[PDB]
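Structure record follows, encoded as structure tokens.
Position 1 is the first residue of the sequence; numbering continues from there. The basis for the numbers below is simple: all heavy atoms, side chains too, and nothing from hydrogens, waters or symmetry mates.
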Amino acid sequence: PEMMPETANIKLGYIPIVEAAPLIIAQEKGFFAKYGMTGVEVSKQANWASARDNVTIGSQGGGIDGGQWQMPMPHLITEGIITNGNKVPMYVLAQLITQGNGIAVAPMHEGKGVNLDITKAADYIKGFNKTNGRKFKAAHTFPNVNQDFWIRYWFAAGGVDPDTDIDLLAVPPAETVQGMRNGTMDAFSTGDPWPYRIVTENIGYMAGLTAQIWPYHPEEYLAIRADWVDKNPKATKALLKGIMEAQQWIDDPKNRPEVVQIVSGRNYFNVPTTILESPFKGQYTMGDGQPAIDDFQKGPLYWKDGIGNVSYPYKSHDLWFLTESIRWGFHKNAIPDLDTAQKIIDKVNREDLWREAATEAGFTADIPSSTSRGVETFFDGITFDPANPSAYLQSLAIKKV
Ligand SMILES: [Ca+2]
């Protein structure tokens, strides 16, 4: 009775990328059912804009109650920043995964130094219009969120202003790939399974994995509408527990072949298992004369990483996402300062529910002791101290603040 979800039903959206694994596995391996959530519908979203629209309308309107998200979408939706003023409060409940993302670059840029650190290739990229007829063109999967941040950080770390020196745009994943094939797209912030296909099919090479840019960086999260969570507190915790067990299950190498088999299935990603087998072993052919990566720790991780617990949603990570938003001058009026960012974070991040669910499920030993993971370090030496985001912003060379 006390654990009995108020409802066993919920519609959770997902995008066909490795970040969705916990949702798919929690469902397919019976982890959701174990806790009473036998009516979970893991619904594939056409794209991020559609996922946003669907959670804004909610399940009662034919959309979704929550699901998988790039950060800080839950916060932006809560504030109605990306919903034309339609504020739909949401709660960030857990981080689904870390890594499993990367930046692909067109083959025409090989031997140019456009790798992890593009410093020496900065002028080349900056003068691409002069030398090649068009501004260097890069793409992400939705503005102002994860992929946009990853590619922006990467560019900026090397001296390339992503807003002024290049054409950074949101472009469908397929179109972008086709663009690189055609010779019109120069790079794109992607993630698995897209990277394997790009290298294998000689479409391009991997300049770097986000695992290299920011080891064990916060990635995508499970977030559900606040009205749903408020009305169904027990069901919410049941979902969290199913997710946690799924994440733990996925991280055991012995289960990864099955994980790959399931998510690649027709009813989910619908892709050849061969393209995900490597990444789930932490194996990536990088290309451009760079050594291949063969490290489980650099592949996608869903439960524990080299720093702490992956699933626990650290508020310090929400803070980085909003701080980086401020860095690029995103939502100038809605999030004009760090204090406002923090206020939004305290309304959105429900790490307390993760703690409670983990405790009830018997994962007390895995619960981080703090809402902050501490000072974060990027591949270029820049550090983000959650206690002083202002210092972080001021340490950055390229920014709009
Ligand atoms: Ca991603």
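The shortest non-hydrogen separation linking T190 to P195 is CG2-CG, 3.7 Å. Between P107 and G204, the closest heavy-atom pair is CD-CA, 3.7 Å. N146 and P218 get closest at one heavy-atom pair: ND2-O, 4.3 Å. A pairwise comparison of heavy atoms in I275 and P193 identifies CD1-CB, 3.6 Å as the closest pair. The shortest non-hydrogen separation linking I166 to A138 is CD1-CB, 4.3 Å.
Remark: side-chain polar atoms of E245 are not paired, donor with acceptor, to backbone N or O of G242 under 3.5 angstrom. The backbone N or O of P313 sits nowhere less than 3.5 Å from a side-chain atom of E351 that would complete a donor-acceptor pair. A donor-acceptor pair is defined here as one N or O able to donate and one able to accept, closer than 3.5 Å; no such pair exists between the side chain of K241 and the backbone of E360. At distances below 3.5 Å, at least one donor-acceptor pair connects side-chain atoms of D65 with backbone N or O atoms of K11. The backbone N or O of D192 sits nowhere less than 3.5 Å from a side-chain atom of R197 that would complete a donor-acceptor pair. In this structure, the side chain of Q290 engages the main chain of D288 through a donor-acceptor pair within 3.5 Å. The backbone N or O of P368 sits nowhere less than 3.5 Å from a side-chain atom of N309 that would complete a donor-acceptor pair. Using modelled atom types, no side-chain atom of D251 and backbone atom of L301 make a donor-acceptor pair closer than 3.5 Å. Judged purely by atom type and a 3.5 angstrom limit, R225 uses its side chain to pair as donor or acceptor with the backbone of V55. Side-chain atoms of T273 never come within 3.5 Å of backbone atoms of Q261 as a donor-acceptor pair (strictly under, hydrogens ignored).
A donor-acceptor contact closer than 3.5 angstrom links the side chains of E220 and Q68. With 3.5 Å as the limit, one finds no donor-acceptor pair spanning the side chains of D53 and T56. Judged purely by distance below 3.5 Å, without hydrogens or angles, the side chains of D346 and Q342 pair a donor atom with an acceptor atom. In this model, no donor atom of one side chain and acceptor atom of the other lie less than 3.5 Å apart for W69 and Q45. A donor-acceptor contact closer than 3.5 angstrom links the side chains of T119 and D117.
You'll find the side chain of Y153 reaches within 4.5 Å of the side chain of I382, heavy atoms only. Between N144 and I81, the closest side-chain pair of non-hydrogen atoms is not below 4.5 Å. Using a 4.5 Å heavy-atom cutoff, the side chains of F280 and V18 are in contact. Annotation: side chain of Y124 is not in contact with side chain of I118 (no heavy-atom distance under 4.5 Å). The closest side-chain heavy-atom distance from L209 to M286 is below 4.5 Å. You'll find the side chain of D165 stays beyond 4.5 Å of the side chain of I125, heavy atoms only.
Within the structure, the ring-ring contact (aromatic ring centres under 6.0 Å, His included) test picks out no pair touching residues 172-208 (sequence neighbours left out). Each salt bridge (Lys or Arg N to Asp or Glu O under 4.0 Å) pair with one or both residues in residues 265-277, not counting sequence neighbours, would appear here, but there are none.
In this structure, the side chain to side chain donor-acceptor pair (under 3.5 Å) partners of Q147, at least two apart in sequence or on a different chain, are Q70, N101. Residues passing the side chain to side chain donor-acceptor pair (under 3.5 Å) test with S370: none are found, sequence neighbours excluded. Applying the side chain to side chain donor-acceptor pair (under 3.5 Å) test to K112 and every residue at least two apart in sequence or in another chain returns nothing. In terms of the side chain to side chain donor-acceptor pair (under 3.5 Å) criterion, residue partners of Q297 (sequence neighbours excluded) are, by chain and number, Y216.
For the atom pair NZ of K237 and CE of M37, the computed distance is 13.5 Å after rounding to the nearest 0.5 Å. A distance of 4.5 Å separates CG of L276 from OG of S264, quoted to the nearest 0.5 Å.
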- request: Run the numbers on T83 and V88 for side-chain contact (heavy atoms from CB on, under 4.5 Å), then give the verdict.
  value: CA-CA 8 Å; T83 56; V88 177; 5.6 Å; no
- prompt: For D305 and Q95, what are the C-alpha separation, side-chain angles and deciding distance, and is it a side-chain contact (heavy atoms from CB on, under 4.5 Å)?
  reply: CA-CA 12 Å; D305 55 43; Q95 184 182 322; 5.6 Å; no
- prompt: Taking it one step at a time, do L23 and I243 satisfy side-chain contact (heavy atoms from CB on, under 4.5 Å)?
  reply: CA-CA 7 Å; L23 297 182; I243 291 294; 3.5 Å; yes
- prompt: Is there a salt bridge (charged side-chain N to carboxylate O under 4.0 Å, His left out) between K304 and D366 once you walk through the steps?
  reply: CA-CA 9 Å; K304 298 178 182 179; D366 305 298; 3.4 Å; yes
task: Apply side-chain contact (heavy atoms from CB on, under 4.5 Å) to the pair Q212 and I293, showing each step before the final yes or no.
output: CA-CA 10 Å; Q212 288 172 295; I293 292 178; 4.0 Å; yes
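If you look at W150 and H217, their ring centroids are closer than 6.0 Å.
Other residues, nucleotides and ligands place no more than 12 heavy atoms under 6.0 Å from the NZ atom of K126. Summarising the local packing, CG of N182 is surrounded by more than 12 heavy atoms from other residues, nucleotides or ligands at distances under 6.0 Å. In the displayed structure, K135 atom NZ is contacted under 6.0 Å by more than 12 heavy atoms of other residues, nucleotides or ligands. Residue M108 places its CE atom among more than 12 non-hydrogen atoms of other residues, nucleotides or ligands, all under 6.0 Å distant. Within a 6.0 Å radius of NZ in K137, no more than 12 heavy atoms belonging to other residues, nucleotides or ligands are found.
Relative ring orientation between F128 and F136 is described as perpendicular, the plane-to-plane angle rising above 60° on a 0-90° scale split at 30° and 60°. Using the six-membered ring where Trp is involved, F149 and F330 have ring planes that are tilted, between 30° and 60° apart.
A ring-ring contact (aromatic ring centres under 6.0 Å, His included) with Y312 holds for exactly one of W354, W303, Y302, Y221; it is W354. For the side-chain contact (heavy atoms from CB on, under 4.5 Å) with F296, the qualifying choice from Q283, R256, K281 is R256, the only one to do so. A side-chain hydrogen bond (donor to acceptor under 3.5 Å, both in side chains) with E376 is found for one member of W214, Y314, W320, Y392 and no other, namely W214.
Here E258 pairs with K29 in a salt bridge; the nearest charged N to carboxylate O distance falls below 4.0 Å. Remark: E6 does not engage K231 in a salt bridge, criterion side-chain N to carboxylate O under 4.0 Å. Ion pairing of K254 with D252 is absent here, as no side-chain N (NZ or NE/NH1/NH2) approaches a carboxylate O to less than 4.0 Å. Between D337 and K343, no side-chain nitrogen of the basic residue sits less than 4.0 Å from a carboxylate oxygen of the acidic one, so the salt-bridge criterion is not met. The pair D167-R134 does not meet the salt-bridge criterion, since no charged nitrogen lies less than 4.0 angstrom from a carboxylate oxygen.
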